[PDB]
Amino acid sequence: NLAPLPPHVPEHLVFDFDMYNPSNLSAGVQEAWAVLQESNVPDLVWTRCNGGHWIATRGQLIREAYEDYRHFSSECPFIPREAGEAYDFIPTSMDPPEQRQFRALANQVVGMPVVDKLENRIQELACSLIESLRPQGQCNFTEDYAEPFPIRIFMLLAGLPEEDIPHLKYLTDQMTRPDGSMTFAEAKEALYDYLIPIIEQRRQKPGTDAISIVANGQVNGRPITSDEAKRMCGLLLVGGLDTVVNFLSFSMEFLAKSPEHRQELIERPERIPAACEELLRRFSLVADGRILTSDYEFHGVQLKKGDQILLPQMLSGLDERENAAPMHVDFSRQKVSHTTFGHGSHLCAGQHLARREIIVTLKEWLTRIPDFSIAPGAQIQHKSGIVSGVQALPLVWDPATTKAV
Ligand code: HEM
Ligand SMILES: CC1(C)[C@@H]2CC[C@@]1(C)C(=O)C2
Ligand SMILES: [K+]
């Protein structure tokens, strides 16, 4: 379904990419998005899919647009417009200077100091999960580890009951990769309906959990409001439930298929943090955007006030102008350039948590299950959206070749 071309959009800039179902998805979702970087596609294009919006395809343009909040506002950051309009999460729906007091609170709850405190718990949950799985010689990685590991950590941090995960996880996914069963707004309001009473409970009798801390936070010489607390906690949930979860699967699918890269990390565990960064570049997975606050000419293209522009975080590290042989995974890549965690004032507040979760997974998995592969003949299917994902990841291994810790 192609929305008719706006008058200011030249025909030669039309490239009808569908971010929710790209044509070459079978090849892998990063491969599919990478068609935007083939020689036939201009650096900045208009797609008529999903209501009609711009797409920047190059690292340099993506970075520039993310720095320039004056022209490119976060107020409406999702495609389609209906989602972007309904999107009211804090701090990401705000531009500076208003954004700044809230970002600092968010940093306080999921930032590095909190990760440092959680190190042992992170280690423990990973080891316990992996030790439980090891004697099986098989798992569906997405549901047996990729989901429970970072989600149980977040749920613990947020002080929310684990029994609520299936319901909460379902709703989160409707905001990033919708079933078609709910609109973005329904899912958001459902999440909000869950949060509202808890936030009230924790303003009256605060705890030490992340939600108590947000709800009782100080921003700008005043306490956060109940509704502001609600909008920040909703975003923290989504970050906790639908980011690392998907990334781990892209990484493990790759490792399962490439024993040499596994052996590299097994024999040289000191290369794991470097590997994690390269994996973050190659299997980048997030794409949101901004909305034009005024008419603006950007790299020779006129944008009209109210135009939406998708600025795919995924695309920067896959840009050959940024990394030679971008689809090639090289753990000793001299300069790993990417914007997987974003760019400008909205750069991911949870990046340290993500990195810790990844590096711990890489270390403890390869230690206990050094040798594994994708199940015989099984076809790996990726899913595309605001955050991309892996639908299923069946793995098999000989437990004899596995090592108990
Ligand atoms: C590999 C994992 C992750 C990736 C790739 C990722 C990606 C991103 C990106 C691209 C942005 C900026 C979006 C924009 O500019 O519109 C962002 C922001 C944010 N992320 Fe992450 N994220 C990850 C993990 C997490 C985790 C685990 C949390 C923990 C709750 C989290 C919490 C947040 C928050 C609160 C923001 C908003 C910061 C602001 O608006 O100032 N993220 N993330
Ligand atoms: C784009 C994101 C990855 C970032 C954290 C969750 C997410 C979906 C957002 O709405 C902000
Ligand atoms: K909005």
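Counting from 1, the numbers follow the sequence of the chain as shown. Atoms within a ligand are numbered from 1 in the order they appear, just like the ligands themselves.
- Not one N or O of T243 is nearer than 3.5 Å to an N or O of ligand 1, by distance alone.
- Heavy-atom neighbours of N120 CG from other residues, nucleotides or ligands within 6.0 Å: at or below the threshold of 12.
- Under the 30°/60° scheme for interplanar angles, the aromatic rings of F254 and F331 are found to stand perpendicular.
- Of all protein heavy atoms, the one lying nearest to atom 10 (O) of ligand 2 is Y87 OH, 2.8 Å.
- Less than 4.0 angstrom separates some heavy atom of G342 from each of these atoms of ligand 1: 10 (C).
- If you check which protein heavy atom lies closest to atom 26 (C) of ligand 1, you get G239 O, 3.6 Å.
- In terms of protein heavy-atom proximity, atom 5 (C) of ligand 1 is closest to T340 O, 3.3 Å.
- None of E119, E124, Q123 except one satisfies the side-chain hydrogen bond (donor to acceptor under 3.5 Å, both in side chains) rule with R121; the exception is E124.
- Other residues, nucleotides and ligands contribute only 12 or fewer heavy atoms inside 6.0 Å of the CD atom of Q391.
- Near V286, the atoms of ligand 1 lying under 4.0 angstrom from a non-hydrogen atom of the residue are 5 (C), 7 (C), 10 (C).
- You'll find the side chain of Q204 reaches within 4.5 Å of the side chain of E200, heavy atoms only.
- Nearest to atom 2 (C) of ligand 2 among the protein's heavy atoms is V286 CG1, 4.5 Å.
- Checking only distances, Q99 does come within under 3.5 Å of ligand 1, N or O to N or O.
- Here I358 has no heavy atoms under 4.0 Å from ligand 1, in either its backbone or its side chain.
- With 3.5 Å as the limit, one finds no donor-acceptor pair spanning the side chains of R103 and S345.
- Aromatic pair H346/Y66: ring centres not closer than 6.0 Å.
- If you check which protein heavy atom lies closest to atom 30 (C) of ligand 1, you get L236 O, 3.5 Å.
- Between the CZ atom in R177 and the CG atom in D179 there is a gap of 10.0 Å [rounded to 0.5 Å].
- Nearest-residue assignment for atom 41 (O) of ligand 1 (options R103, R356, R100; heavy-atom criterion): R103.
- Of all the atoms in ligand 2, the ones that sit under 4.0 Å from a non-hydrogen atom of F78 are 10 (O).
- For the residue pair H382 and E31, no side-chain donor N or O sits within less than 3.5 Å of a side-chain acceptor on the partner.
- Between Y145 and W365, the ring center distance clears the sub-6.0 Å criterion.
- The nearest protein atom to atom 9 (C) of ligand 1, hydrogens excluded, is given as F341 O, 3.6 Å; this is a heavy-atom distance.
- One distance of note links CE of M19 with CD1 of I386; it measures 4.0 Å at 0.5 Å rounding.
- Closest to atom 31 (C) of ligand 1, if we only count protein heavy atoms, is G350 CA, 3.7 Å.
- Neither the backbone nor the side chain of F89 comes within contact range of ligand 2; no heavy atom lies under 4.0 Å.
- More than 12 heavy atoms of other shown residues, nucleotides or ligands fall within 6.0 angstrom of atom CG in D116.
- Ligand 1 lies nowhere less than 4.0 angstrom from a heavy atom belonging to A106.
- When every heavy atom of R58 is checked against every heavy atom of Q37, the shortest pair comes out as NH2-O, 3.1 Å.
- Ligand 1 places these atoms under 4.0 Å from at least one heavy atom of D288: 13 (C), 14 (C), 16 (O).
- Around the K ion (ligand 3), protein N, O or S atoms at less than 3.4 Å comprise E75 O, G84 O, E85 O, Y87 O.
- Ion pair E147/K169 not flagged as a salt bridge, since none of the NZ, NE, NH1 or NH2 atoms sits closer than 4.0 Å to an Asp/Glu carboxylate oxygen.
- Using a 4.0 Å cut-off to heavy atoms of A354, the atoms of ligand 1 that qualify are 1 (C), 2 (C).
- For atom 12 (C) of ligand 1, the closest non-hydrogen atom of the protein is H346 O, 3.3 Å.
- Ionic pairing of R282 and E278 is not present here: no N-O contact between side-chain nitrogen and carboxylate oxygen is shorter than 4.0 angstrom.
- Between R290 and ligand 1, at least one N/O pair is under 3.5 Å apart.
- For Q313, every heavy-atom contact with ligand 1 shorter than 4.0 Å involves the side chain, none the backbone.
- Nearest heavy-atom pair, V109 versus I213, reported as atom, atom and distance to 0.1 Å: CG1-CG2, 3.4 Å.
- Distance remark: protein heavy atom not present below 4.0 angstrom from atom 4 (C) of ligand 2.
- Here the options are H261, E267, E260, the test is side-chain hydrogen bond (donor to acceptor under 3.5 Å, both in side chains), and the partner is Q263; only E267 passes.
- One finds no salt bridge joining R63 and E67 here, because no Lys/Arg side-chain nitrogen approaches an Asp/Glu carboxylate oxygen to under 4.0 Å.
- Ranking protein heavy atoms by distance to atom 11 (C) of ligand 2, first place goes to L235 CD1, 3.7 Å.
- Nearest protein heavy-atom neighbour of atom 22 (N) of ligand 1: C348 SG, 3.3 Å.
- Relative to the ring axis of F372, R262 places its NZ or CZ within 45° and under 6.0 Å from the centre.
- Nearest protein heavy-atom neighbour of atom 36 (C) of ligand 1: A349 N, 4.0 Å.
- Here the heavy atom of the protein found nearest to atom 6 (C) of ligand 2 is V238 CG1, 3.8 Å.
- Of all heavy-atom pairs between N246 and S388, the closest is CB-O, 3.3 Å.
- Not one N or O of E357 is nearer than 3.5 Å to an N or O of ligand 1, by distance alone.
- Residue-level proximity to ligand 1 for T92 is carried by backbone and side chain together, each with a heavy atom below 4.0 angstrom.
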